[PDB]
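What follows is a pair of forms of the same protein chain, given separately as structure tokens and numbered structure 1 and structure 2.
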Structure 1
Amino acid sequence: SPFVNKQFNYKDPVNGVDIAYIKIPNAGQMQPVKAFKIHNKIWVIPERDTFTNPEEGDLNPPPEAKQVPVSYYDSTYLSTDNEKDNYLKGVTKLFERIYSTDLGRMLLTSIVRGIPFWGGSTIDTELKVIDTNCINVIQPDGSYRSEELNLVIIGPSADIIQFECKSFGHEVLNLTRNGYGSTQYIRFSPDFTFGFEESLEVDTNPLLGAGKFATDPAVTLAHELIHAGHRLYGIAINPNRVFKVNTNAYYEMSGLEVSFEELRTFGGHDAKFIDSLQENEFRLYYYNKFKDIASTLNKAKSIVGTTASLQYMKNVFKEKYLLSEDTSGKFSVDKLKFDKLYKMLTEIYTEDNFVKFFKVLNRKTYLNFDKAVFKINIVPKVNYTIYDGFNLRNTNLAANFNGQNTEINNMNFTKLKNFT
């Protein structure tokens, strides 16, 4: 029972259903690109992302002098068909590994159920889909069929290791912080991984360590999938709510500040930098946001743009936000039901808890310094397996996380750049 039913090949013909030419919301008039529906409401564009940002239309790097040490530029990556095939199967295998844990199995089920809310209409009482929460799928005629989706895995932009989770905004709505949600676009590559040190003292020092170990890409993708789970349920923290790092002299020296959002995503001790007063206000702030959505659903008189019934589309959102329905049929938010749902996306879906269940070596905090970038190929089963990743079972790579050791398993990790 796999999460991704098909063994997609980039070379596969477009059938117009789960393999089709599509158009993403973009500032230009982009040419359609090939995308694969690996799962319900999840698509994979194995292209470099020149479309989401109007100022990053090209993959040219900045002047050699304006480049920051922690970056890697390569305009030729993911440009040829063979890398597009390998990229697609790598992303697919990474979903299988996440899904093979009850924790990731729940995360992926919460994402597919987290439909961006239908707050698009200009009339108070009718429900409508926000256009930017959809994609344009090409038909055989050449006509364009609009289709809804929740997640999109796309290739990196100019900065190859600038992994992130982004969505398109609304002129009058704050979809990521009002509960509604929005289709998420993740820049991610299964062919690259960051180097880090097992020794915490070395890992928190900018000037030491050369990337003794390698991050497991399923944790990296699991980290960005948690960003999606926050933004899809509309409970993300404003990215300008930053923490004045006082626990790392090297951060304090440079005056760095990490956003509460990423600290929450990492979890563990990191998520405790947020003080109880700050956590309390957000929970209450978004508990009220679900009440506004429950109020909008109760004042729903019509539905536009689909053949689904009004009652049916309310039900999709009762199951998403876990609203309570009384005898008369009016939706409400049960504070305890919400608190269970709120804690799930904030304290349970964390990079830390995922490392515990993958049983991999990982950074022990978000406040560290990346030591190197490696080129990996996770598609061969002699390199990387769904159930064990790099630390293959029964081999010498299982003990002491040896499979993640970039010198003991020196054939699976090719160093490209030294940040240290």
Structure 2
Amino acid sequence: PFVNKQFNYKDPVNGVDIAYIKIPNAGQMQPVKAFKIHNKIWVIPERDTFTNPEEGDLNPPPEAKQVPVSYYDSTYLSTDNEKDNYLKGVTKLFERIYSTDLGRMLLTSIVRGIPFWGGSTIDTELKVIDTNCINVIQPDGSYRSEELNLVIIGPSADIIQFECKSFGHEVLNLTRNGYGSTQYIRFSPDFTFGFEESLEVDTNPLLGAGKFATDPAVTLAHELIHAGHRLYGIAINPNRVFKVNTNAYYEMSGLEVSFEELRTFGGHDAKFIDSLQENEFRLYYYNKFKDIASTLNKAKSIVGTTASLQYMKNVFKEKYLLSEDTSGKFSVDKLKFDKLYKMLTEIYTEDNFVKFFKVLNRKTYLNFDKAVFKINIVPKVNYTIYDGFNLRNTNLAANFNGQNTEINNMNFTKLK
């Protein structure tokens, strides 16, 4: 959210909000320099070669998709200057998001969404799940475990393949059982995508449609929304999809988009979501919250240090907006639940963020006219927290001229 201290990649480590860390993942990975920009939120300016064991090298593989779809460059984000620029770019986007009432709400929900402590094998004991923490190096070289909710990290091999991912559990489906897990968003503020808009009467007699660029703040908010769903364990299995086209072809060759993506994008395409399906999940997760409240009630022991069982139950009381009677028992308030659930799944949408940002954005989830551009959001003359690319008091202020790749050409370098 609001990042109080200004960070420079070269700033000296302090073992608190600037330090070398190791991700639970696996392998004795060499620690990487990370920055805590806000409570429960860290930024790691490194290409993500840690989250998935089968995704460790950055070279384009044989058969890689071409330019518009994917983009490779094994050397991107390998120098201190790039990492510094990445850090400042990500920070500026957080401020732009936080500057809207919706973003402030989303960021708050994210900070409160602490991943549940359902690790221990003893149903009567609360224990933090290791993969919901990072290891922070101390002055003597030992490591201290720290819980976090969100990490913004550099992309893997495909530089423009942004996604919100997390570490799985052997048996628990953390993002779909109400528990939640620490989210790692592969993201880059140094590139953006194009789309074609019908800003000319919506009905154009076959003429060169304008070539616009997506505002990175919208792209990041999109992932933070998935992160929110995932932090509260209410994400929808990617296998659940809906058709958006019309008819389909052999081997399920029909235009289908996952439930998760349609609700996240919102707007027009949300109508393709079956209402019965929506209700089924709303109720399913209702019961998940209940089971959590029950586990909190039937809990006695807890593992850790600076955290007491009482202190934690209260932390989860706040996250899941639970009701606490005089006796101390927890229960799920159906009215509170419906409020929180709607917020996370209906209010937090890309469509709504586009309305608060007053920017131009593609109207439909699937983009059939893709383009990729190298950008630089750090210089104030290029992009600001309040106007994005459409700087007020410049010829870029009107008609989304700032996002127009031909009008504001100096800010968008076509990658092909």
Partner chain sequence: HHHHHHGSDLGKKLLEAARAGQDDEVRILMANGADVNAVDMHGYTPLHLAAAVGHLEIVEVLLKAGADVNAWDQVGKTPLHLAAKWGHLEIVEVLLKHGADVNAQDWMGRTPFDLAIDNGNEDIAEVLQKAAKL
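Along the sequence of structure 1, residues get numbers from 1 upward. For clarity, a rigid core is taken as the largest C-alpha set superposing within 1.5 Å between two forms.
Either 1 or 2, the form solved without the partner chain: It is structure 2; that copy is the form solved without the partner chain.
- prompt: Just one of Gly267, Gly90, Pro206, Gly119 has a CA that shifts 2 Å or more between structure 1 and structure 2 on a core fit; which is it?
  reply: With the rigid core superposed, the residue that stands out is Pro206.
task: For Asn248, state whether the C-alpha moves by 2 Å or more between structure 1 and structure 2 after rigid core superposition.
output: Yes, the C-alpha position differs by at least 2 Å between structure 1 and structure 2.
task: Would you say whether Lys66 is displaced between structure 1 and structure 2, judging by a C-alpha shift of 2 Å or more on the superposed rigid core?
output: Shift of 2 Å or more: yes.
message: Once both forms sit on the same rigid core, is the C-alpha displacement of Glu257 at or above 2 Å between structure 1 and structure 2?
response: Yes, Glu257 moves 2 Å or more.
query: What is the Cα shift of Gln29 between structure 1 and structure 2 once the core is superposed, in angstrom?
result: For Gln29, the C-alpha ends up 1.9 Å from its position in the other form.
query: Once the rigid core is matched, what's the CA displacement of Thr306 between structure 1 and structure 2 in angstrom?
result: Reported C-alpha shift between structure 1 and structure 2: 2.3 Å at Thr306.
- prompt: Core superposed, what is the CA shift for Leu151 between structure 1 and structure 2, in angstrom?
  reply: Taking the core as reference, the C-alpha of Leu151 is shifted 0.2 Å.
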